[PDB]
Structures are given as structure tokens and as C-alpha cells.
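First the structure, in the form of C-alpha cells, and then the observations on it.
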There are 4 protein chains.
Amino acid sequence: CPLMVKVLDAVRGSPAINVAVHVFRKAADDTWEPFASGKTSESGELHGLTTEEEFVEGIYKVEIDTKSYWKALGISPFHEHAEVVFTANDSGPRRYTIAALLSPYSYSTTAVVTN
Amino acid sequence: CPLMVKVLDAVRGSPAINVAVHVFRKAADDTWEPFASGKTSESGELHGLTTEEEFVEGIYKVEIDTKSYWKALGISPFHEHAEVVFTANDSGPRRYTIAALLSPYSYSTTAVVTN
Amino acid sequence: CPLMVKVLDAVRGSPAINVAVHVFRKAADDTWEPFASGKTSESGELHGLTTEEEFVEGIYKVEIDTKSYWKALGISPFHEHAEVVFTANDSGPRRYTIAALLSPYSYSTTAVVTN
Amino acid sequence: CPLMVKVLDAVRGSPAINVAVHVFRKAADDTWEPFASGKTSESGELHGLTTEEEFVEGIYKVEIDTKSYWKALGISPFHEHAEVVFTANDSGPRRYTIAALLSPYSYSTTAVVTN
Ligand SMILES: COc1cc(/C=C/c2ccc(O)cc2)cc(OC)c1
């Protein structure tokens, strides 16, 4: 799988488990079309979102449903979600890991792009 | 201003200057409507986007045009932009500072909310 | 001041107030010697640690006492402190802002260096 | 192994490979004693630092040699290194992952503590 999402919780020092993640791809008319989705595992990871065949060059949006995550833990958060928007390019390496570190009023994200 | 945006460059260790910022607000029909825009100053700050009168309750999206920033510096970065989505003023009027720290393959953002 | 420290709390979305900060400077014998200390204000800022005259070339360590901060708020955090170590003024005198963003199991830090 | 270190590069969007990491444990006389060390792998990870038998409760310091890493890449960095200082507690879960995200003028670190 060429696309993986990993989510960490900076308050508890743990994987962020059971977080909903929605991936979109931008359509010709400039709208976001649903592409893949799931919930993070006990390791904070979401695998199997797509295949090499389906993950063509394009503009993608990964939406991590952070507000619902903080609410489930009884903590008041700021963001509705975290959105990571990027162009997938075949020149670049094959595997994209989108990592996100969550706090109630802050998030960080990085891309780890490897072969 | 009840809404301020501050952007730092983690590669240079400097304010991120001349970064375009676009703010949108969700309309009743759930579409994003333009609300305000501007560019960061030599201090990395963008003041004067709105007024207490105009900054009513709503769901807002602050997009920071990070790709345009990096490309102007000869870096082909990963993200298209950094996008901060939040409900504002739902518990009464507040002052919001959206701070962002940029690297070519990573960003963070935090909100500082005061009375 | 040529050296300023600013600290934010990523859980509350606020300045981190009353955070103790200790600055050390390496001596010729490679031991850390006390250089300056203070506490962050209601704005999360600590000004006036030193002067241009006293802030000579050297290797400095800014320790931010994050454990004491969190414990005062009922959180048992992971780190003892956040420690920022750098050479200063080696390319001529500069102004340094050390910014830190705190969560109970995570911190970040960035330097903004200006003329 | 109850202690693992993972290091990422926020400029290249890659694991930070061949980074020296030194771990210390605080001695009774309040000095730092060498405990374990290594260099990160091609995956940015350093495994096998210690065993459960040797990793007793105590205060530990993980020092990630970031300056040497940036110099090897021809980039001018700010920090001498990144230091992560923490108390290991047997009440807490068994496995400590120290993760660090590096930029030339900024670093972030989080602890992921799991069973
Ligand atoms: C296996 O542990 C990991 C930790 C991390 C940590 C990421 C992170 C991102 C932003 C930050 O501010 C701090 C850490 C990323 C990973 O990507 C495969 C794996």
C-alpha cells in the first residue's frame, strides 16, 4: 500500500486509536471526491487505504477527525479536524506515510516519503 | 483584531514573510465562502483581517499558502497549504492567534485563544 | 534583550504562564555555569534575561522547567524539562527568540534569529 | 527492548539516517553516566539500546546529534543537539519510543509509551 496514516496523541503519549480518517482526491471540476477512509488501529495506524493501481498522480486530502477524538476523551479541542493536502508525484518515492501528532489546541504533521 | 495569523520558517529560523493567507467561513448551505485574506509582514504576522463586528460565530478555515511560499524560495515542498479549521466565538467573542511553523515536508499549527 | 523565551500550552491554547527558565553557558573547562534565569509572564514571555554586553559568544543551554509547569496543573508529564542548546553570536551579535510549545508528552522548540 | 528512538527529517520528508544517539542515566552524584548509544538505521530507527533487565527506574537523557546530521547534508543548523530528559517509571507501560522530528532551526519530540 502506497499510502499509510499514523496518528499520535501528545497528551497521553500514546497512539491515537479509533480516529476516523477520510481521504479525498480532487476531481476535474475542482471538487473533492471521496477516495478512501477508515479508523486508526490500536497502533494508531491505518493501512490498506489504497493500492498502487488506484493511487495515481493527483491532489489528495487526508482529513483526520480530531475533534471527535478529543470529545471521546472528554477534552475540549480547537480544530474541527486536521487536513493534509498534497500532490502525489510519480517522480517521488513510492510510499507516503502521513504522520500527525495531536494536542487539543495544536497539531503537527509530516510526510515520510520512501522507497 | 480578533483574528491574527503568525507564521515562522523552521529552515531559516525566521519569520515567514509574504505568505498569502485566505480565510473562509462556512455558509448556511455548508459551502465555504471567502471571508478575508492578506499576506504576512516582515515580522511573519498578519493583522487586520477582520473586525469584532464582522467576525461572528461560525466555522472558519484559515488557509496558509505554504506551497507558494516554498516555491518562491526554490524548494518543492510536500503540502499544497496548511489549513486550520475551527468553530469561532461559539462560547462568546474571543481573540484568536493562529500560529504556524513551516518546513518543506512538515507543518505545525497551534491556536492561542484569549479574552 | 538579545535573548527572549516564549512558551505556549498546546492543551489550553494559551500562553504558558509562570514557567521557570534557567539559562547556562559553557565555561572554558566545558562545565555548565549559571547565566540567567526567570519566569514567563502572563503573555508566556520572558524578557530581560541578559544584555548585549553580557551575552557574549558561547554555547548556551536554555532549560524550560516543563515538569514543574505541568505538575502545578495536575498533570504528571513525561519530560523533566525542555532543553535548547546552541552556539550564540559566533557569526556576530544576533537577537534570539526561543519559542516552545508544550504538551504533557511532547514539546517542540524553534529559534527565531534576527538582526 | 523497552527503549527505541525514531528520528525524522522535516526538510527532506524522510527518515533521518545515520544520526548519532547517546543515552545517559543520572548517577547518585547527579552526573550523567553513559548508558547506551548507536546510529539510526536506514529507517531512522535505533533498536537494541538496552534490555528490560538493565532499563531500571531512573532519570534518562537521550541526546540526538542533530548538528552533525545537518552539517553532513550541507545545511546550517541552530541546535547543538536535541536532548530528551525523562524519568522511567515502572507504573507506566513497558515500551518507550522517543520520536523526534528535525528541522534546521526547530525540533519536536514526543514519547509514545505502550504495552
Ligand atoms: C513509529 O513511530 C513513529 C513516530 C513518528 C512521529 C511523528 C511526529 C510528527 C510530528 C511531530 O511534531 C513529532 C513526531 C512518525 C512515524 O512515522 C512512521 C513513526
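These values consider heavy atoms only, across backbone and side chains, with no hydrogens, waters or symmetry-generated copies. Letters A, B, ... mirror the listed sequences (proteins, then strands); counts begin at 1. Just so you know, ligand 1 is whichever comes first in the structure, and atom 1 is the first atom listed for that ligand.
Ranked by closest heavy atom to atom 10 (C) of ligand 1, the top entry among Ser106(C), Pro15(A), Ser108(A) is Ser108(A).
Among the atoms of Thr97(A), none of the N or O lies under 3.5 angstrom from an N or O of ligand 1. Annotation: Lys6(A) places no N or O atom under 3.5 Å from an N or O atom of ligand 1; distance criterion only.
The residue from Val85(C), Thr110(C), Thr109(C) that alone fulfils the side-chain contact (heavy atoms from CB on, under 4.5 Å) condition with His79(D) is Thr109(C).
Nearest protein heavy-atom neighbour of atom 15 (C) of ligand 1: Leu8(D) CD1, 3.5 Å.
Ring-plane geometry between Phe86(C) and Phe78(D) is classed as parallel, the angle between the planes falling under 30 degrees on a 0 to 90 degree scale with a further cut at 60.
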Audit row: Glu33(A), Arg25(A), salt bridge (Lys or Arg N to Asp or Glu O under 4.0 Å) steps and yes/no: CA-CA 5 Å; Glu33(A) 302 299 297; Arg25(A) 181 168 56 204; over 6 Å; no
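Checking side-chain atoms of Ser41(A) against main-chain N and O of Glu45(A) turns up a donor-acceptor pair under 3.5 Å.
Here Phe35(A) and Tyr60(A) bring their ring centres to under 6.0 angstrom of each other.
For atom 8 (C) of ligand 1, the nearest protein heavy atom is 4.0 Å or more away.
For ligand 1 and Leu101(D), the ligand atoms under 4.0 Å from any heavy atom of the residue are 10 (C), 11 (C), 12 (O).
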